[PDB]
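A single chain comes next, written as structure tokens; it is the form deposited in one PDB entry.
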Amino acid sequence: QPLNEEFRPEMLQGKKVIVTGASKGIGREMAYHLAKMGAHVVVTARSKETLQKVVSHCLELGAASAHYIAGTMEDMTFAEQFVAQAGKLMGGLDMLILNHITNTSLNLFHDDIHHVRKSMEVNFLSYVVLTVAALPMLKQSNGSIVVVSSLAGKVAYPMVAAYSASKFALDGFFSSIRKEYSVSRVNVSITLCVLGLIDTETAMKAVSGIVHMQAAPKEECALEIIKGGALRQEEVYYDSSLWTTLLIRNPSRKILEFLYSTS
């Protein structure tokens, strides 16, 4: 059940939020928006020097508190330990923003099992490890899980097959536990964010010469992810095309989920 209210930046004031993949791009823009809202933030990514700079800017913007923990989400021990440390720094957890992805470029799939497994481990499995480690704190606070996904996580997309598989897996996993939490009365919301092309340095470089469309602003995108999570909405759609929002919706899937629940 989402909040039938309009978003207010005050909803995040004093909230204890983790943002992963927060050294750059959308993740960094989220940490900044949260800081301006006066949230307590714990940021993570591999790059410690850039995470240092992010935390310092968060404090300038007005974050209630800001800390970083550096490590790779390839390392499942780090993922589990990071949540416990982040929780101890803030005295709890209200929102878990799962955003990091392994480095990926546009290429036809041929024999690249390494990139398929790496995408699955980093983009999907670590999200599950982080969720398990965070849930006790989120159940205590009636908190929220925010999962960053893509158009390639809802429809087939050539040149990003391993990435698409990892994003599709997030939908299957997180949408299925959302139904389980509903019937078991676990009051932790799950927001799946479906994004189109965003003007991050990573995406702009990856798509240069190959895919040409725009390219919605990263600042506005980060805010839409936070708003959807704050409002406990099931899904957020953020793309520059009006065709997307209308056609991406799946009432047929929603009908089937309702019909197969009464069994």
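Rigid core: the largest C-alpha set superposing within 1.5 Å between the two forms. Residues that one form lacks are left out of the comparison. One rule holds for the numbers: they count along the sequence shown, beginning at 1.
Separately, the form deposited in another entry exists; it is not shown, and the next lines address it.
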Displaced position between the shown form and the other one, chosen from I69, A216, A64, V211 (C-alpha, 2 Å or more, rigid core): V211
Core fit, then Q13 C-alpha moves 2 Å or more between the shown form and the other one: no
Cα-Cα shift for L98 and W243, closer or farther in the other entry, minimum 3 Å: closer
Outcome for the Cα pair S240, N107 in the other entry, compared with this form (closer or farther; change of 3 Å or more): farther
Residue ranges moving between the shown form and the other one (criterion: at least three consecutive CA positions shifted 2 angstroms or more, core aligned): 210 to 214, 239 to 248
